[PDB]
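First comes one chain, alone, set out as C-alpha cells in the form deposited in one PDB entry.
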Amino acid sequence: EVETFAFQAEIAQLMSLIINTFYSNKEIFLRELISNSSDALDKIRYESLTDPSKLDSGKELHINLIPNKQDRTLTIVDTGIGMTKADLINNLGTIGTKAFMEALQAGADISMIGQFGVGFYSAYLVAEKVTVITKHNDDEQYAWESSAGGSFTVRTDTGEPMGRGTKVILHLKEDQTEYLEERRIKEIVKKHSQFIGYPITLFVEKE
C-alpha cells in the first residue's frame, strides 16, 4: 500500500546540497512554505469565483503553524486548493533547478531559491524528514514523504482528514529546534511574511 519513487536527478542534487550546506540563513524556509500555501489559497479562492461548491470542503482560507516539542515537529497547514496524487508526484518529484543550480555559480545556496520555483526544498535546511499531506477536491488524501537520499514515498493517508488543502510536516534536525520556539517563529514571520494575504496563526503549546 506504499509506492516508492525516485527524485529527478537534478532535484536529488539540489537536495543533497541543501541537506549538507552550512548556510546560515536557514529561516527562509518558513517564507518559502508560507509562500507556497499562499499560492495554493489564491488558487482555490479564484476557482471558487465561478464555482462556489469548490469551498464545500472548507470555507476558511488560512495558514496555521504548529510547533510540537514532544515530537520535534513544526507543521504548516493550509486550506488552499491542495494536490491530487498526480500533482503530488509531479510537483515534489520533478523539476528549473538547473537555473538555480547553475545560479550559485561555484558556490553553496542562496535566499533566491524562492524566485526559482524550488523554494520548497529549503525545508531540508532545517529538517531531516519532510511529510506532505494533501487533499484536493478531486482526489483522496495522500501522504508524501522523504528523508532525502534520492527517493520519496506516496501512500493513501490513514490519519485525520483535512477536508481540503496541504499540510507540511517537518521532522526537525537535532540542533534546529529553535523553530519550535514561539519567539523565533513570530519574529521570522514578521520579517519575511507579514504581507501575505491570509491569516497566519501560530498555535501556542499548552503546559
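By rigid core we mean the largest C-alpha set that fits within 1.5 Å across both forms. One rule holds for the numbers: they count along the sequence shown, beginning at 1.
This protein has a second form, the form deposited in another entry, left out of what is shown; the following refers to that one.
*Asks:* With both forms fitted on the core, check whether the Cα of residue 77 differs by 2 Å or more between the shown form and the other one.
*Replies:* No: residue 77 shifts by under 2 Å between the shown form and the other one.
*Asks:* Given a change of 3 Å or more, say if the Cα atoms of residue 148 and residue 108 sit closer or farther in the other entry than in this form.
*Replies:* Note: Cα gap between residue 148 and residue 108 widens in the other entry.
*Asks:* Did residue 23 and residue 105 drift closer or farther in the other entry, going by a CA distance change of 3 angstroms or more?
*Replies:* Compared with the shown chain, residue 23-residue 105 is closer in the other entry.
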